[PDB]
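File shown: model21.txt. Contents: compact mmCIF, C-alpha atoms.
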# COMPACT_ATOMS: atom_id res chain seq x y z
CA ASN A 266 5.71 -1.07 99.41
CA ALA A 267 3.84 -4.14 100.66
CA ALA A 268 4.40 -3.00 104.27
CA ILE A 269 2.13 -1.04 106.57
CA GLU A 270 4.00 1.52 108.69
CA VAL A 271 2.78 1.51 112.29
CA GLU A 272 3.39 4.38 114.69
CA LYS A 273 1.67 5.60 117.84
CA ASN A 274 0.37 9.12 118.27
CA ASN A 275 -1.87 11.06 120.67
CA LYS A 276 -4.93 9.87 118.66
CA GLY A 277 -4.13 6.14 118.74
CA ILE A 278 -2.19 3.72 116.59
CA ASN A 279 -1.53 5.14 113.10
CA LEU A 280 -1.37 2.76 110.12
CA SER A 281 0.18 4.49 107.13
CA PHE A 282 0.41 2.78 103.76
CA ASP A 283 -0.12 3.38 100.06
CA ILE A 284 -2.87 1.95 97.89
CA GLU A 285 -2.83 2.00 94.12
CA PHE A 286 -5.94 3.68 92.76
CA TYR A 287 -6.68 3.96 89.06
CA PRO A 288 -5.82 7.48 87.80
CA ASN A 289 -8.17 10.19 89.18
CA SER A 290 -10.51 7.54 90.60
CA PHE A 291 -11.52 6.02 93.95
CA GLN A 292 -11.34 2.49 92.54
CA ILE A 293 -8.80 0.22 94.26
CA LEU A 294 -6.67 -2.01 92.00
CA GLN A 295 -7.51 -5.71 92.41
CA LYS A 296 -4.02 -6.64 93.63
CA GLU A 297 -4.31 -4.24 96.60
CA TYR A 298 -7.05 -6.15 98.42
CA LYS A 299 -4.51 -8.56 99.94
CA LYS A 300 -2.82 -5.54 101.59
CA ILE A 301 -6.16 -4.36 102.99
CA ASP A 302 -6.69 -7.96 104.20
CA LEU A 303 -3.55 -7.57 106.31
CA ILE A 304 -4.90 -4.28 107.67
CA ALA A 305 -8.14 -6.21 108.42
CA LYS A 306 -6.15 -8.82 110.38
CA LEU A 307 -4.80 -6.07 112.65
CA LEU A 308 -8.14 -4.25 113.02
CA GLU A 309 -9.94 -7.52 113.86
CA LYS A 310 -7.83 -7.70 117.02
CA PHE A 311 -8.71 -4.16 118.11
CA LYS A 312 -12.36 -5.13 118.34
CA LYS A 313 -13.72 -2.31 120.54
CA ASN A 314 -11.86 0.54 118.84
CA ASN A 315 -13.33 3.07 116.45
CA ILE A 316 -11.19 3.94 113.42
CA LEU A 317 -10.43 7.04 111.36
CA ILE A 318 -9.69 6.61 107.66
CA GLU A 319 -8.01 9.55 105.91
CA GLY A 320 -7.77 9.91 102.13
CA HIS A 321 -5.54 12.05 99.94
CA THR A 322 -5.15 13.31 96.41
CA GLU A 323 -2.04 14.70 94.72
CA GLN A 324 -3.40 16.80 91.82
CA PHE A 325 -3.94 20.49 92.35
CA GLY A 326 -7.54 20.47 91.23
CA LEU A 327 -10.45 22.50 92.53
CA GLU A 328 -10.57 22.10 96.31
CA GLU A 329 -14.13 20.68 96.58
CA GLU A 330 -13.42 18.21 93.78
CA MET A 331 -10.18 17.05 95.42
CA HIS A 332 -11.88 16.86 98.79
CA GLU A 333 -14.66 14.65 97.39
CA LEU A 334 -12.24 12.34 95.58
CA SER A 335 -10.01 11.98 98.65
CA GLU A 336 -13.02 11.20 100.87
CA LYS A 337 -14.36 8.61 98.38
CA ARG A 338 -10.93 6.92 98.52
CA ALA A 339 -11.20 6.64 102.32
CA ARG A 340 -14.74 5.31 101.84
CA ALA A 341 -13.63 2.69 99.28
CA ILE A 342 -11.20 1.30 101.92
CA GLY A 343 -13.80 1.52 104.71
CA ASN A 344 -16.45 -0.18 102.57
CA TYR A 345 -14.18 -3.18 102.04
CA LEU A 346 -13.53 -3.41 105.79
CA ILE A 347 -17.31 -3.32 106.35
CA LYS A 348 -17.77 -6.06 103.74
CA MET A 349 -15.05 -8.16 105.43
CA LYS A 350 -16.99 -7.68 108.71
CA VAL A 351 -13.97 -6.34 110.64
CA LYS A 352 -15.67 -3.01 111.48
CA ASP A 353 -19.28 -1.77 111.43
CA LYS A 354 -20.20 1.53 109.75
CA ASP A 355 -20.85 2.82 113.29
CA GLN A 356 -17.16 2.54 114.08
CA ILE A 357 -15.63 4.36 111.08
CA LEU A 358 -14.86 8.06 110.61
CA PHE A 359 -13.98 9.08 107.03
CA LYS A 360 -11.88 12.16 106.30
CA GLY A 361 -10.73 13.55 102.95
CA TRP A 362 -7.79 16.00 102.93
CA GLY A 363 -7.81 16.53 99.19
CA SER A 364 -4.31 17.67 98.23
CA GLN A 365 -3.80 19.78 101.38
CA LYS A 366 -1.63 17.33 103.40
CA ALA A 377 2.64 5.67 90.28
CA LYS A 378 -1.06 5.02 90.97
CA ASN A 379 -0.01 4.82 94.65
CA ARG A 380 -1.81 7.24 96.97
CA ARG A 381 -1.43 7.76 100.71
CA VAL A 382 -4.08 6.40 103.08
CA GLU A 383 -3.93 6.45 106.83
CA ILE A 384 -6.03 4.48 109.24
CA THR A 385 -5.88 5.30 112.94
CA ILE A 386 -6.98 2.80 115.59
CA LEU A 387 -8.56 5.34 117.91
CA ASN A 388 -7.89 5.11 121.64
CA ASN B 266 12.53 5.42 112.07
CA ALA B 267 9.89 5.46 114.81
CA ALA B 268 7.67 3.19 112.67
CA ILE B 269 7.26 -0.57 112.73
CA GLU B 270 6.93 -2.09 109.25
CA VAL B 271 4.22 -4.74 109.15
CA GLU B 272 3.97 -7.35 106.41
CA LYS B 273 2.40 -10.80 106.17
CA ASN B 274 4.33 -13.90 105.20
CA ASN B 275 3.84 -17.68 105.21
CA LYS B 276 5.04 -17.75 108.87
CA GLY B 277 2.64 -15.10 110.20
CA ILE B 278 2.67 -11.34 110.60
CA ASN B 279 6.22 -9.93 110.37
CA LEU B 280 7.13 -6.83 112.41
CA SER B 281 10.37 -5.32 111.16
CA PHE B 282 11.97 -2.38 112.90
CA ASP B 283 15.32 -1.07 114.11
CA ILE B 284 16.47 -0.73 117.70
CA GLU B 285 19.47 1.28 118.77
CA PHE B 286 21.89 -0.87 120.75
CA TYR B 287 25.06 0.49 122.29
CA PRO B 288 28.09 -0.41 120.11
CA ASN B 289 28.88 -4.16 120.11
CA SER B 290 26.41 -4.77 122.95
CA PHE B 291 22.96 -6.26 123.55
CA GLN B 292 21.92 -3.31 125.72
CA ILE B 293 18.92 -1.34 124.40
CA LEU B 294 19.14 2.47 124.58
CA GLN B 295 16.68 3.94 127.10
CA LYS B 296 14.78 5.94 124.47
CA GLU B 297 13.91 2.77 122.53
CA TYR B 298 11.61 1.27 125.17
CA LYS B 299 8.68 3.42 123.99
CA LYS B 300 9.02 1.77 120.55
CA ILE B 301 8.98 -1.69 122.14
CA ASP B 302 5.90 -0.52 124.11
CA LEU B 303 4.14 0.03 120.79
CA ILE B 304 5.19 -3.47 119.69
CA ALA B 305 3.79 -4.68 123.05
CA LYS B 306 0.45 -2.98 122.28
CA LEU B 307 0.16 -5.01 119.07
CA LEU B 308 1.33 -8.30 120.63
CA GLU B 309 -1.12 -7.89 123.54
CA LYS B 310 -3.96 -8.20 121.03
CA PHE B 311 -2.58 -11.41 119.51
CA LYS B 312 -2.97 -13.16 122.84
CA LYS B 313 -2.87 -16.82 121.75
CA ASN B 314 0.01 -16.49 119.27
CA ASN B 315 3.58 -17.60 119.80
CA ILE B 316 6.26 -15.21 118.55
CA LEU B 317 9.68 -15.50 116.92
CA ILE B 318 12.28 -12.81 117.67
CA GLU B 319 15.25 -12.62 115.30
CA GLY B 320 18.43 -10.67 116.06
CA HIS B 321 21.21 -9.42 113.81
CA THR B 322 24.73 -8.06 113.89
CA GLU B 323 26.57 -6.11 111.20
CA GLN B 324 30.27 -6.63 112.03
CA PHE B 325 32.14 -9.42 110.32
CA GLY B 326 33.39 -10.98 113.52
CA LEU B 327 33.89 -14.64 114.34
CA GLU B 328 30.68 -16.49 113.52
CA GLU B 329 29.99 -17.94 117.00
CA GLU B 330 30.64 -14.55 118.61
CA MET B 331 28.30 -12.78 116.17
CA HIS B 332 25.70 -15.49 116.61
CA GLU B 333 25.77 -15.11 120.40
CA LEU B 334 25.55 -11.31 120.26
CA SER B 335 22.67 -11.40 117.77
CA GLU B 336 20.76 -13.93 119.90
CA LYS B 337 21.32 -11.87 123.08
CA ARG B 338 19.82 -8.87 121.24
CA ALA B 339 16.67 -10.90 120.45
CA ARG B 340 16.63 -11.99 124.11
CA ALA B 341 16.95 -8.40 125.40
CA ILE B 342 13.77 -7.52 123.42
CA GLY B 343 11.97 -10.70 124.53
CA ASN B 344 12.93 -10.15 128.17
CA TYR B 345 11.29 -6.71 128.14
CA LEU B 346 8.11 -8.18 126.61
CA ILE B 347 8.14 -10.82 129.39
CA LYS B 348 8.60 -8.08 132.00
CA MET B 349 5.70 -6.10 130.46
CA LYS B 350 3.60 -9.29 130.76
CA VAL B 351 2.57 -9.30 127.07
CA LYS B 352 4.08 -12.75 126.39
CA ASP B 353 5.26 -15.63 128.59
CA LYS B 354 8.68 -17.25 128.06
CA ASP B 355 6.72 -20.30 126.83
CA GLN B 356 5.54 -18.33 123.82
CA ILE B 357 8.85 -16.88 122.54
CA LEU B 358 11.36 -18.36 120.11
CA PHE B 359 14.72 -16.53 119.94
CA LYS B 360 16.93 -16.71 116.86
CA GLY B 361 20.29 -15.05 116.21
CA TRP B 362 21.47 -14.72 112.59
CA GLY B 363 24.75 -13.05 113.44
CA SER B 364 25.83 -11.11 110.35
CA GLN B 365 24.55 -13.73 107.87
CA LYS B 366 21.25 -12.05 106.86
CA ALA B 377 24.14 4.44 113.65
CA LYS B 378 23.59 2.23 116.71
CA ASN B 379 20.46 1.02 114.88
CA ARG B 380 20.27 -2.74 114.32
CA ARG B 381 17.59 -4.82 112.62
CA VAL B 382 15.17 -6.87 114.72
CA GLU B 383 12.21 -8.81 113.45
CA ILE B 384 9.35 -10.19 115.45
CA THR B 385 6.90 -12.56 113.77
CA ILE B 386 3.42 -13.15 115.19
CA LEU B 387 3.28 -16.85 114.38
CA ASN B 388 0.12 -18.30 112.86

Please lay out the structure from this file as structure tokens.
Amino acid sequence: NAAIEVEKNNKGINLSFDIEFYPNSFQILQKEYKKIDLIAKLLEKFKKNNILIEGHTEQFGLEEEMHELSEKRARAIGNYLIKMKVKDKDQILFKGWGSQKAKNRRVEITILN
Amino acid sequence: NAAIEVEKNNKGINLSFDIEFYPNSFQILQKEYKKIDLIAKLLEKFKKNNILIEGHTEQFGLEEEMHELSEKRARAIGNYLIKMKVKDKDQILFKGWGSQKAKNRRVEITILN
């Protein structure tokens, strides 16, 4: 669960992992920042690349509500990467899938070609 | 099974994955080179780092025989990385664990601090 799963696709290099969020929130648990720090170490080395951050929910709530929550989760991750100075806001696309694709929730980050 | 698992430790950034070798051999199946190419894409970006490649066997054979086989598996991976020009021989440590730690066998590569 501490590991990032890395796989190539047609879009770039996919980083798939799971981040504990507090229930029904886009707030990252304190202990998870070290995992994002590892992600930051990889992204730092792909200096010129743009990234895509994709968020997800699990609950079958109203679609706009789930979309918003899932996007705010992607943004919480992106914001930390901004703060760590590994990417600029210029370089980050944020996508929420809602629920369409225990606190652990799926996040993907793609290092875009 | 196509994914590399990435996790940080005290030694550096650990890349754990599994490579199909032909039974009792250190020959990599043709289809696996694309996976090593992905590893190469990551290593390319950690230009200054030395790496450690660790090989493993599963059979409970004679310890020196298993050690040799496991080390030759690490070397097969390293040799391809040399050939792809992502690392020089100067930068690669090779370690065989034999069996002490379906064709799929465990390999680890650590991007050393």

Would you tabulate, counting only C-alpha atoms, all residues of chain A that have an atom at most 9 Å from an atom of chain B, showing the closest pair of atoms and their distance in Å to one decimal, sorted by chain then ascending number, as a tab-separated table?
residue	atom	partner	partner_atom	distance
A:267	CA	B:272	CA	6.6
A:268	CA	B:272	CA	4.9
A:269	CA	B:271	CA	5.0
A:270	CA	B:270	CA	4.7
A:271	CA	B:269	CA	5.0
A:272	CA	B:268	CA	4.9
A:273	CA	B:303	CA	6.8
A:278	CA	B:303	CA	8.4
A:300	CA	B:272	CA	8.5
A:303	CA	B:273	CA	6.8
A:307	CA	B:307	CA	8.2
A:310	CA	B:310	CA	5.6
A:311	CA	B:310	CA	6.9

Using all atoms listed in the file, the residue out of A:296, A:321, A:352, A:276 with shortest distance to residue 336 of chain A is A:321

Checklist entry - What separation in Å, quoted to one decimal, exists between atom CA of residue 348 of chain B and atom CA of residue 333 of chain B? => result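 Taking atom CA of residue 348 of chain B and atom CA of residue 333 of chain B, their separation equals 21.9 Å.
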
Just want the 10 Å neighbourhood of residue 363 of chain A, counted on all atoms listed in the file, with same-chain residues fewer than 4 positions away dropped. Output as a list in words. residues 319, 320, 321, 322, 323, 324, 325, 326, 327, 328, 329, 330, 331, 332, 333, 334, 335 and 336 of chain A

The distance between atom CA of residue 295 of chain B and atom CA of residue 342 of chain B is 12.4 Å

**Request:** Work out how far apart atom CA of residue 284 of chain A and atom CA of residue 274 of chain B are and give it in Å to one decimal.
**Result:**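 According to the coordinates, atom CA of residue 284 of chain A and atom CA of residue 274 of chain B are separated by 18.9 Å.
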
For segment 355-380 of chain B, what centre and edge lengths in Å (one decimal) does the axis-aligned box get once 3 Å is added on each side of all its listed atoms, as JSON?
{"center_x": 15.7, "center_y": -7.9, "center_z": 116.8, "size_x": 26.3, "size_y": 30.7, "size_z": 26.0}

**Prompt:** Taking only C-alpha atoms into account, which of A:338, A:315, A:344, A:380 comes nearest residue 356 of chain A?
**Reply:**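 Of A:338, A:315, A:344, A:380, the one nearest residue 356 of chain A, counting only C-alpha atoms, is A:315.
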
Closest of B:285, B:316, B:305, B:292 to residue 383 of chain B, counting only C-alpha atoms, is B:316
